[PDB]
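Trainee: Before I ask anything, here is the structure I am working with.
Cβ: placed from backbone, ideal geometry, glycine included. Neighbour counts: every protein chain shown. Just so you know, all these numbers are worked out from the coordinates, no wet-lab data involved.
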Amino acid sequence: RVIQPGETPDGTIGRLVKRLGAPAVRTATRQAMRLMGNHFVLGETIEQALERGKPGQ
Amino acid sequence: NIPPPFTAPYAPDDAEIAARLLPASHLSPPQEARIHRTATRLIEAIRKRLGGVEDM
């Protein structure tokens with residue numbers, strides 16, 4: 001999509017952006033990305049998760 | 001002409017000062033809209049986030 005400027009900040013992310021500012025929200029998202037990638041073993045199916053979490057270890 | 005040695009009342013009444021400053025502070029809505037935007041952008045940049053003493 002193309003994002004028109006001056007969009008009223010609604011939604012959970014919009015309200016967050018209004019309170020913290022867009023760049024902090026981007027920073028918080030990247031941290032959440034580190035947390036999701038490091039502390040969770042996830043996949044679309046269980047086989048994908050199980051393959052991801054693999055370690056002769 | 002060189003001004004006289006500076007002597008202003010040391011501690012005048014706050015209210016009388018505010019009575020002049022409050023109306024003169026008025027800005028038109030496009031003026032306020034521009035200030036709001038510039039300030040928002042300046043503050044958001046500051047919240048991007050090593051930093052400073054306040055952070056420590």
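Trainee: Quick check on segment B:20-35. Is at least one of its residues surrounded by 10 or more Cβ atoms within 10 Å (Cβ to Cβ) and within 14 Å of chain A (Cβ to nearest Cβ)?
Mentor: Checked segment B:20-35: at least one residue is surrounded by 10 or more Cβ atoms within 10 Å (Cβ to Cβ) and within 14 Å of chain A (Cβ to nearest Cβ).
Trainee: Next up: For segment B:42-56, name all the residues that are within 14 Å of chain A (Cβ to nearest Cβ) and within 23 Å of the chain's Cα centre (by Cα).
Mentor: Of everything in segment B:42-56, those that are within 14 Å of chain A (Cβ to nearest Cβ) and within 23 Å of the chain's Cα centre (by Cα) turn out to be B:42, B:43, B:44, B:45, B:46, B:47.
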